[PDB]
Structures are given as C-alpha cells and as structure tokens.
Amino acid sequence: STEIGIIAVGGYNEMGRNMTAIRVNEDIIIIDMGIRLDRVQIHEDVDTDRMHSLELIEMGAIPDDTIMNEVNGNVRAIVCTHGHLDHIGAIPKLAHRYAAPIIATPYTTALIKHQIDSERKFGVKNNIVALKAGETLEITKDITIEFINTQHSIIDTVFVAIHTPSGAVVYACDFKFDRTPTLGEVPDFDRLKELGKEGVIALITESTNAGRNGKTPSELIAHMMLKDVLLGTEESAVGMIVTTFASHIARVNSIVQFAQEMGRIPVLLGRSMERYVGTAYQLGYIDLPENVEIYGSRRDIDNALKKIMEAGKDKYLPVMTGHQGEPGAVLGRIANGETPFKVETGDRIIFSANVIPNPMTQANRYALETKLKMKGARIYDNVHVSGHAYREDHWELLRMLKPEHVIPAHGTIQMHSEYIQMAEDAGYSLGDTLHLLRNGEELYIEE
C-alpha cells in the first residue's frame, strides 16, 4: 500500500514561516522553508545571521522542524514554490541539517544561492537544482515531482505536483489565476484539468484571501492604475517617487516602461532592488532600457540622490524600497532627511503596495507617511492588486483538480475557516475529506 502523510511544520498558525513535508511511505519531500518577518521585529535588533536555527525557532521566525525527528522517513528533497522570504527565507538556516537537494525554478534557485552567500563560508551544503515549469524530475523510482506554471506577486512561481503510485499530491501555496498577466505565461489550466482527471489524493493550498469574495484582479489592473497615476496628472513636473516590493519584478517592469513612456529616467535604489531586479535582468526575465541606473550601497544611492536633486526631480523617477516604512530602507532614509534628496511641497509619493496588516508594519508606515506629509508630500496609497487567489479562484481550482482531500495552508486559523466554508460549498466535510491542521501535526491518508 501507499500511506501518504502530510506534516504541517510552519505557517498554518501564522502567515510567514511556511514549511510543509509530504511523506510518501518512507520518502520525504519538503516544500518551502520561510522566515516570519514580523515577529522578528518584536525584539530589539536581532541581526538574523548572528543567531543559529534554534534561537529563531524559539522566536519563529523560522519553522520548528525539530518535530521532524519524530517522523518515520528520510528526506530526499527540499522543493520551493517561489522566491518570497515566507517560502525560501529559512533555507540557509535549516536546509543544512538535511542531506537533501534544494529544487526550485531558476529565478528562485539563483536568489537562494545569493542568500546562502551570507549563511557563512559554505554551510554544508545541499546541492541546488533548477527545475523549470512544465518539466518533471524523478526523485525516486515511483515518486516524481512536477512543476506547473502559475502567477503570483513574483515572477516564475509554480504549483508543485508530487506524483506517487496512488496519485498526485499537489501543493499550491501562493498563487493567483491571472488570465492577462504582465509577465510570464498564463497558468497551465489544461494541465490542471488533465492532472485533475489523473487523480489527486490531496490538495494543500493557501487560504490567504479565501475569505475575500469573487475573483482576484489581474496584475493588468495594477498596471493600468499605475499608468493612470504616473501619466494622468496635470502637475507634470513635480517630482515623483515610486516605491514597491523589490521582488515584484512585473510591476517594476511596468514602472520602467512607464518612465520610458513619460519621458523620465528610471533609477532603482536599494540592496533589495539591486538583488531582485538585477538577478531578474541577468537571467533575462525582464528587458531594461539602456538608460536605467541601479545603485545598492549608501554611497551610490546618496550620490545618485544629490545628483537627482540638483539636476531636477522633474526629470527623474526614483523607484525604491521602503513601502512598509522600514527604517534604513531608502525611503525611510529620505523621509528622515538622512539623504541629499529632501522632498518639498507637491511632491508625489506613490506606494504601489498594500499595507501588511500587522501593528509593527502599520506603525512604521504610519510614522513614515506623517513624516512625508509634514514635508508637504502628496501620497498615493495602495495602487495595488493582491497576488493571492480569492474565493472563486479557489473554487475553480477545486473544480479542475478535483482533489480527494484538501488542506488549507499558508494562513491563520480564521483564513482557514473561510477556506473551510468555501470547500464545504464544494461538497467537502471537515475531519473527513477536508482537514484543518496546526503547526506540528501530521495527517495520514491510507491506501
């Protein structure tokens, strides 16, 4: 027989810190190892590289994988859905304890490798393997892992399908059914219906926005709103700063496109930006006009900003990090005047990002925005679209994959509750064919 087990290690009580392990008989396939970036800020300057794994488990921070000492099997892989820190962030801190390769899609593999180049001299290390969407990699005789293309607030994001002798186990945390994306190709629907007909034993999926009604707005909407705010203005020569996730890439591409269309020169600031968009351009996921400038260290940035100041803000579009009000982020540094560029009345600050619903980040962004307003700035908030799927996206996902079991992951118990109600609309039953797991719990499927 094939006894499948699903062990919840991280992120089913919280949003960050995601880690799941799928045990097929005695083989283990681990998916995702993220940091929880909120409850690290509760403590007074931690500097995550000064701490080793255990420290951070009693903060968590990183998922408590000690519970993996109680499970009956050996891990053969560490798969990663995409390159957000809530998914690949814990790798350089925990993956070394496992004698297993790290499988990911190219952009992720690259960014992982870049992050480990800060773990220490080496680590152990695991060998890092790049697998693209649409391709499949056999890990043992009968266990084979497949990558299926999807969209998310990061480029190159993927469904993972673990084929076993008794069927496929697909895990889909962090997706979005964007039918008209700015980057990448539309999600592989035909493959989802087909693989649905092949046989899915279990579905593990995010419940982030399952309570939200309807279907997720396309990234094209964010594109159009940003177009509207940048170009559709009767105060053309003001001085505009755009801030967003350094990781989003699709949007940054939209923004530099816009800069080329609105006759400004796009300058990208911050280590964050340099890493993500740099790695993106180098690996050819985005094209850049020859005029763009990218600066990471404080000297490059501040120099670029004195320059950008005295030559005229009207003829520039700084694109940067700091949308959640991170002090030390370039925007936080501009708001505090710890920079040559010092904003004046009329100046437009464009936040192409949501406010993360945590008191820490909300306080930070509050303080940031008031400092900006006292310096006369005019703020455009939340010109943004969520990269997570809504109720209807989930509904149709259930209707094409037709999974035999469903396990909500990547969220709080309330998010999970919303998802549960939706799945119950689909014919499922709690504790029977629909399962609510907590961090540290293992659910068995038989036969």
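The first residue of the sequence shown is number 1, and the count goes up from there.
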Seminar exercise, completed: Stretch with higher mean Cα temperature factor, 89-97 vs 290-298, is 290-298
For this session: Could you check the entry and say whether 209-217 or 110-118 has the higher mean CA B-factor?
Result: 110-118
Seminar exercise, completed: Among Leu56, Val46, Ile413, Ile31, the highest C-alpha B-factor in the PDB entry belongs to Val46
Problem set entry | Peak C-alpha temperature factor (PDB record), options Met360, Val242, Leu203, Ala311 | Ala311
For this session: Using the B-factor values recorded in the entry, state whether the Cα atom of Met51 falls in the lowest, middle or highest third among the modelled residues of its chain.
Result: highest
For this session: Sort the modelled residues of this chain by their C-alpha B factor and say whether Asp64 lands in the lowest, middle or highest third.
Result: lowest
Exercise. What third of its chain, lowest, middle or highest, does the C-alpha temperature factor of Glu138 fall into?
Worked result: highest
Exercise. Relative to the other modelled residues in the chain, which third contains the C-alpha temperature factor of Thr157: lowest, middle or highest?
Worked result: middle
Problem set entry | Relative C-alpha B-factor of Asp188, binned into the chain's lowest, middle or highest third | highest
